[PDB]
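Visitor: There's a structure below that I have some questions on.
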Amino acid sequence: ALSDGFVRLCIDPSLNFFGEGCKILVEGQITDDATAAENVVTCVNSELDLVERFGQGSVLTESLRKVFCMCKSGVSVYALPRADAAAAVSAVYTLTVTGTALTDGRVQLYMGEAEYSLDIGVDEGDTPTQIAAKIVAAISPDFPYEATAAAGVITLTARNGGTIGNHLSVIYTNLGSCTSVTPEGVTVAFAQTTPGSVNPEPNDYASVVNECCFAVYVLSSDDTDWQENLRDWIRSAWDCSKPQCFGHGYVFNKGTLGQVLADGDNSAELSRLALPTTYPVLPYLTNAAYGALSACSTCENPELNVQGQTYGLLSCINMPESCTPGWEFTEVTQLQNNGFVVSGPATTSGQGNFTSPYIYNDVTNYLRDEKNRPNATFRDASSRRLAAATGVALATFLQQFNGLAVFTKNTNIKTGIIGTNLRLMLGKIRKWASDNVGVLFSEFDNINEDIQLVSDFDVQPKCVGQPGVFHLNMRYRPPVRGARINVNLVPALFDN
Amino acid sequence: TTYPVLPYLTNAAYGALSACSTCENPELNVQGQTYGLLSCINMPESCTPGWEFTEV
Amino acid sequence: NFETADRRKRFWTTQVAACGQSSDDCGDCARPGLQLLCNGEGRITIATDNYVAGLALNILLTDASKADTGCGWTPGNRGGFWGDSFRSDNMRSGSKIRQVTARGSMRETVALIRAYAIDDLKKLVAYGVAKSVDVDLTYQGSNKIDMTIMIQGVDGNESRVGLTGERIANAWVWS
Amino acid sequence: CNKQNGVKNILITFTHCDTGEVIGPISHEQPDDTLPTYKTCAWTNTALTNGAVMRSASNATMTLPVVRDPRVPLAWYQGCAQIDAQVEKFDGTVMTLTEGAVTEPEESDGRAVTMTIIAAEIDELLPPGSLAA
C-alpha cells in the first residue's frame with residue numbers, strides 16, 4: 001500500500017478457501033447437454049455452476065448436490081464425468097390415474113428423495129383424469145426421470161441409460177381418510193414396463209488419475225465389474241513398487257440377502273454399503289452422503305469413527321418411516337459379520353412419518369490376509385486412515401538423517417564430528433515411537449522386540465552391500481476400541 | 001520430449017546453484033527438496049509426471 | 001405457516017478481490033471493495049455474500065484511536081471514527097494493528113503483532129457473529145512471514161442439544 | 001569388552017531460543033574421570049509411619065560434565081539454550097533426552113562445564129536380551 005500505514009503492509013490473497021489435502025473425487029454419468037469434457041478430471045466450485053457443466057438431472061449432478069450439502073466447507077471436490085454406453089437402454093415407468101374427482105382435495109407424492117416431493121390441489125370436484133395428471137407440470141426439473149403427460153397416464157423415462165435407472169418404490173402418502181380431503185374416487189397404479197440394458201466399463205484410471213493423491217473415492221454406480229476396476233486401482237496406490245498415494249473408496253450393493261453376500265470379496269480397499277430391495281430413497285444418493293460425510297469433512301482426525309447417531313447421521317436425507325424394518329435383525333447380524341455396512345433410521349416414530357438414516361458400523365470388506373488366515377487387522381475403516389497417517393508421519397521424522405555422516409565398523413566418533421551410528425539411531429527412533437502412544441499407537445506388547453535397525457552390510461553377503469543403506473522393521477498396534485466384561489450378579493439373603 | 005520449459009533455462013539454474021551458492025564446502029550434496037530446489041524456475045502443475053517411475 | 005419465518009435480510013458486504021489484485025515486483029495482493037452483479041438487461045446489484053468475512057476486513061483495515069503520547073497528534077489523523085460517540089455497547093470501532101514499533105529483535109516484534117491481532121479480532125465474538133477465532137503465525141526468516149486467521153461459524157438452524165456454552169446471537173447470517 | 005564401565009559417545013544438539021538457530025548433533029569429550037548420573041523415575045516417595053509412603057511429583061534429572069566445544073559460545077552451555085543429549089556407554093546402554101533445560105548454572109573457567117538438565121522423561125535402551133518390556 002501507499003500514502004498510508006506506519007510500519008508494515010498487510011497483503012492477503014484473493015482465495016477465500018484454504019485447507020488443502022482433503023480431496024474427494026466423485027464419479028458418475030452425465031447427459032448430452034453437459035458441456036464438461038468426458039473422462040477428464042475437473043475441479044468443482046459450488047452449486048451455482050452445476051447443471052450447465054454436467055447436464056440437467058444427471059446422475060453426477062444429484063450426487064454432487066448432496067456432497068456440497070454435507071461438506072459446506074473444509075474439503076475440495078473433484079468430478080470425473082463419464083458417458084453412457086453405445087447401446088444403453090432407458091428404463092420406463094408407468095403411473096396411471098383413474099377415476100373422476102368428486103370432492104375438493106389435494107394430491108401429494110414422494111419419489112426418490114424428499115427434495116423432489118410435490119403437492120398440488122385438485123381444481124374442483126368432477127375433474128376427470130385428463131384434467132388430472134397435472135402432476136407433470138409440478139414435478140421438479142432436477143428429477144432424473146422425464147414426465148411426458150400422455151392421455152390419462154404419465155410415463156417416466158430415465159434420463160441416463162443403463163441399469164442405474166432401475167430403482168423406485170413410490171409412496172402416495174394420502175389415501176383413505178385424510179384431513180387434506182383425499183379427492184374421492186381417485187386412485188393411482190404403479191408399474192414398470194422396460195428395464196435398463198448396458199453400463200459402461202471404463203478401465204483408463206491409470207491415465208486420468210495417474211499421479212494425483214485423493215482421500216476418498218465415490219462411485220455412483222452398481223455395476224460389479226466397474227467397482228472391481230476401482231478396487232484394483234486403489235491397490236496400485238497402496239502398492240510397494242513406487243511412492244504411495246493412499247486412499248479409500250465407497251460403493252453400494254442392493255438386493256436380497258443372498259445376492260448381497262455373493263457380491264462381496266475380500267477387499268480392504270473398499271467399504272461396501274448394503275441396502276435392501278425396497279429402499280425408498282434412490283441408492284446412489286445415500287452412498288454419496290456417506291462418502292461425503294466421511295470424506296474428511298469430519299475425519300480430519302484419522303482415528304475418528306463414523307458411527308452412532310451423533311457422528312454417523314446422514315442429515316441431508318429424509319425418507320418416510322417404513323412399515324417393516326426391511327433388514328431383519330437375524331440378517332443385520334450376518335451382514336455385519338461378513339464385513340458389510342448397514343444403515344437404519346435414527347429416531348423411532350410412527351410408520352409413515354419422516355426420519356433420517358444413520359450408520360451402525362464403519363467397517364471395510366476385509367476378512368482374511370494373503371496367507372488365508374482370518375484376522376481383523378483392517379476391519380475398521382479407521383485402521384486404514386491411521387496406517388496412512390503413520391506412514392507419512394514416520395517418513396517425515398526420519399528425514400533428519402538425510403545427508404548425515406554415519407559411522408560403522410569403528411563406532412567411536414571423533415571430537416567435533418557431526419554423525420551417528422546404528423545404536424544411537426535406533427535409540428532416537430524408540431523415543432519417537434513411545435511418545436506417540438495414545439495418538440497413533442497403543443502400548444506396545446514388547447517395545448524391545450518390535451523395532452529393529454540393521455545396516456545393509458549385515459544383510460547382503462561379503463562385498464555385495466551398499467554404503468549407507470539401512471533396513472527398519474517395525475510392528476505396531478492401533479488404539480484400543482473396546483472391552484468385554486463378564487458380570488455375575490449375586491444377591492445374598494444371608495449376612496456375614 | 002514434453003518438457004514445458006526451455007531446456008537451457010533449467011540447465012543454467014542447476015549449474016549456478018551447485019557451482020557457487022552451495023558448493024563452498026565440497027562434502028555437501030545437491031539433492032532433496034531443500035538443497036536442490038530451483039526456486040527461480042516456475043512451471044505449471046500437471047497430473048502426468050513426464051517420466052514414469054520405471055523410466056526414472 | 002411456511003417454515004421460512006426468519007425475515008431478517010442481509011445488506012452489502014465488502015469482499016476480497018472485488019476490484020482485482022494490484023501486482024508489483026514484491027508480490028501480488030488483493031484490493032478489497034464492493035462487488036457489482038449484472039442482470040441480463042442491465043440493472044446492476046451489489047453482492048451480499050460472506051458476511052462475517054467481510055466484517056473481519058472492516059475491523060482489520062481501519063485505524064483505531066491512537067494512544068496519548070504527551071507530544072500530541074495533528075487533529076486530522078488522531079484515528080478512530082466520529083460515529084462511535086453514539087454506540088452503546090461500550091467499544092470503539094476500527095483496529096490498531098498498525099501502531100506497533102520496532103522493539104528488540106525481529107522475533108519479538110512479530111510476537112507483538114500477533115498479540116494485537118488477537119486482541120482486535122476478539123471483538124467478533126462480542127458482537128456474536130462468530131463463536132471463536134484464533135490466528136496462527138509462523139516465522140521463517142528475513143522476508144517470508146505468513147498469517148492465517150480461522151473463524152468458526154454455525155448453521156442457521158440449531159441441530160445439537162446440550163452445548164456447554166451458549167447459542168451465539170445474530171447467527172441469522174449463519175457464518 | 002562388555003564389563004567396562006565408561007562412556008563412549010556424547011552428542012548434543014543446541015537450539016538458540018532467541019533466534020531459533022539449530023546446531024547439528026556435535027560430539028563431545030569429558031573433562032575428568034567422573035561419569036554422568038541419572039534419575040529416570042518421575043514420582044518420588046516419602047516415609048510415613050508404619051510402612052506407608054507419600055508420593056510426590058518431582059522430575060527426571062541428568063548430570064552431564066562435558067568439555068566445552070571451542071566453536072560454541074559459553075552462554076549456550078548455560079541456561080540460554082535448549083539441549084538434546086545422548087550418552088552411549090561401553091556395554092551398550094543408550095540413554096536419550098529431549099527438550100531439556102539447564103538449571104542453576106555455576107561459574108566455569110572456560111573449559112569444564114557441568115550441566116544439570118531436567119526433562120519430562122528419559123528413554124533407556126538396554127543391551128540385547130532384556131527382561132522387562
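In the C-alpha cells, chains take the letters A, B, ... in the order shown, each chain's residues start at 1, and ligands count up from 1 in the order shown.
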Write out as a list in words which residues come within 9 Å of residue 172 in chain C when counting only C-alpha atoms, dropping same-chain ones fewer than 5 positions away.

Guide: residues 6, 8, 9, 129, 155, 156 and 157 of chain C

Visitor: Distance table requested - chain D against chain C, cut-off 10 Å, only C-alpha atoms: one row per qualifying residue with the closest atom pair and its distance in Å to one decimal, ordered by chain and rising residue number, as a tab-separated table.

Guide:
residue	atom	partner	partner_atom	distance
D:18	CA	C:107	CA	7.8
D:19	CA	C:107	CA	7.4
D:20	CA	C:107	CA	9.4

Visitor: Output N, CA, C and O atoms for every residue in that selection, as a PDB file, in the first residue's frame.

Guide:
ATOM      1  N   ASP D  18      16.463 -17.479  21.405  1.00  0.00           N
ATOM      2  CA  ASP D  18      16.251 -16.104  20.971  1.00  0.00           C
ATOM      3  C   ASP D  18      16.285 -15.940  19.457  1.00  0.00           C
ATOM      4  O   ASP D  18      15.804 -14.919  18.954  1.00  0.00           O
ATOM      5  N   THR D  19      16.836 -16.906  18.720  1.00  0.00           N
ATOM      6  CA  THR D  19      16.938 -16.779  17.274  1.00  0.00           C
ATOM      7  C   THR D  19      16.541 -18.036  16.513  1.00  0.00           C
ATOM      8  O   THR D  19      16.521 -18.001  15.279  1.00  0.00           O
ATOM      9  N   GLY D  20      16.230 -19.136  17.192  1.00  0.00           N
ATOM     10  CA  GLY D  20      15.766 -20.325  16.508  1.00  0.00           C
ATOM     11  C   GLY D  20      16.832 -21.112  15.781  1.00  0.00           C
ATOM     12  O   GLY D  20      16.497 -22.057  15.063  1.00  0.00           O
TER      13      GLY D  20
END

Visitor: In terms of the shortest atom-to-atom distance over only C-alpha atoms, which of C:3, C:158, C:134, C:25 is closest to residue 117 in chain C?

Guide: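 Nearest to residue 117 in chain C: C:134.
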
Visitor: May I have the residues within 10 Å of residue 36 in chain B as a PyMOL selection string, using only C-alpha atoms and disregarding those fewer than 6 positions away in the same chain?

Guide: chain B and resi 14+17-18+22+29-30

Visitor: Mind writing the picked residues with C-alpha atoms as an mmCIF file, in the first residue's frame?

Guide:
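Now in result22.cif:
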data_model
loop_
_atom_site.group_PDB
_atom_site.id
_atom_site.type_symbol
_atom_site.label_atom_id
_atom_site.label_comp_id
_atom_site.auth_asym_id
_atom_site.auth_seq_id
_atom_site.Cartn_x
_atom_site.Cartn_y
_atom_site.Cartn_z
ATOM 1 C CA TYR B 14 21.039 -26.182 -11.813
ATOM 2 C CA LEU B 17 23.021 -23.416 -7.750
ATOM 3 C CA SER B 18 25.615 -26.156 -7.239
ATOM 4 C CA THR B 22 26.136 -24.039 -2.330
ATOM 5 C CA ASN B 29 25.344 -32.851 -1.917
ATOM 6 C CA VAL B 30 22.646 -31.185 -4.022
#

Visitor: I need the chain A residues near chain C as JSON, numbers by chain; criterion: at most 8 Å, counting only C-alpha atoms.

Guide: {"A": [5, 6, 7, 8, 11, 12, 13, 14, 16]}
